[PDB]
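Next comes just one chain, in structure tokens: the form deposited in one PDB entry.
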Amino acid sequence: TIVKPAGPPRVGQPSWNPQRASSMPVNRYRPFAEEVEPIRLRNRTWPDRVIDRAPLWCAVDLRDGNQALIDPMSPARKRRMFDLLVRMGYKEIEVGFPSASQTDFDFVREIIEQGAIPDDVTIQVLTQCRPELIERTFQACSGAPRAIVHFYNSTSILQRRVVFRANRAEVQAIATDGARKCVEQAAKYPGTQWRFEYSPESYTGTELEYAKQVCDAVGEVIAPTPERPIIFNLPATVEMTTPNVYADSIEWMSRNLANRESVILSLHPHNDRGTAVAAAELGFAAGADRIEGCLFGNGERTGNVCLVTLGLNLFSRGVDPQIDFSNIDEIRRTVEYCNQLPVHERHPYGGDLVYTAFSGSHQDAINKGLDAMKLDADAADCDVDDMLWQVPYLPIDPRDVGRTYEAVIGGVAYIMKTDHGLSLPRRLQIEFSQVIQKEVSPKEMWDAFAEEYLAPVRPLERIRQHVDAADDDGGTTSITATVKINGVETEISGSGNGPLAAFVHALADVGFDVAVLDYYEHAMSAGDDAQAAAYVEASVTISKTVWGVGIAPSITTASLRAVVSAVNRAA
């Protein structure tokens, strides 16, 4: 549980800040400068540069995104994603990791053999540096008109130590041997226009001077030219610090890498700190050439940078993203189809609620803006739809992305579990939520729950019982119980496979035909001896289908009370 922070305020903490120290283990975590290294960059210029052209975009939805999906893309979902990206304007598209996944291999084979790749589109495939994986990656691109082969190895301080147990030279050699293998394989495959991309993986946790060394050495192997450049792709595999620091890193690399005219400098930001878009836009101002991301920011854990956000951050400040988002609804509808994950309600530009105003005040200002625009448009013999957009609270004309401005005019599971320790089966929440419709407070809701499932002792009251279970696995269990039927003390008895069966059969003898449809039980604290909650759904005749709830210190008794509760609900 959540414990109010209660430790001493910092020394020199303002009188007007009453915040207390928390007990979170901050000391397991270090500043970025200490975890990795301090900023090497003298005379940054990214903070003074405003973006005025589209980067080169590369969409990694088919590999990076797909790898991150609970339900990965079927071959049809892939074609549909591929085709959306092509039709939006993307010229570079990561289509798989052929050497690690047969489905990836077959998909690559499919778009090449089907003739599915437009003439201005380059496909990109991911590989690790092992010779047998490079080989198999080239195998998969066989007969491609042009391909990016993207090889990588982890270079961070952490990984060198704990993943590879390798020093700097050994780790540069993984990368440069990969590059040598790449040059070899490309000569073995004529006619395909081979292009290379190298990532120092976990770049954000790597010494810059070192990343430059590995990169430069890899460039020396490939021998790129201004005509036939290499891509150095520099990922925030984990987003580790603030975007200005990423950007300092990008500017430093851009300035220090050898043979810069032959390098396409590429960014691959993840969103661990919630700042992937910022890292990209500042990194772009820092001298990157290219950005890898996904539509709506799909990718492991927090995701890759959002391509859509980036593109429309350009459009809404007067820069052509060179990608069509004139119908963001279709884009979103297809991305959700392919990924089987929703775009959040608040996601920039695409989310359900982003062109909505609930505030009466905001709606008035929007309309006052919209009117001025029409007054200026009628006074210029003009279509408003071509005027400079000037509307408070709306950054863009919703129409420009195929949307519209919306001027818009029970908590059972939560409260029962939070306040009561009760995990109600879904169908029970449903059944009971209907009952609570006749707002009801938490204290109030509970009184109604108790009155419905816990209190009634008529027509059925269970007084006590003797359970005689078979000692042997699979034997039969006997119950004798003392019950009251409409006040009337009665003995009942039954046999069954276990005690709840025995009790249920026993009930037949007093005019309750009961059949267990569903049953759940859970602990109610930690510990050997804790209370149990039991939930029984039963059809009950003398034929209504009903839930009962039982709470008791025993698994058995809870379950028995759950049956009594059902029977009394049935009546």
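The term rigid core refers to the maximal set of C-alpha atoms that superpose within 1.5 Å between the two forms. Residue numbers here begin at 1 and follow the sequence given.
This next part talks about the form deposited in another entry, which is not shown.
No residue of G351, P145, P459, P229 other than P459 has its CA displaced by 2 Å or more between this form and the one not shown when the core is superposed. Core-superposed comparison between this form and the one not shown: the Cα of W446 travels 2 Å or more. Positional change of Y520 between this form and the one not shown reaches 2 Å or more at the C-alpha, relative to the superposed core.
A displacement of 2 angstroms or greater separates the C-alpha positions of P499 between this form and the one not shown, with the rigid core held in common.
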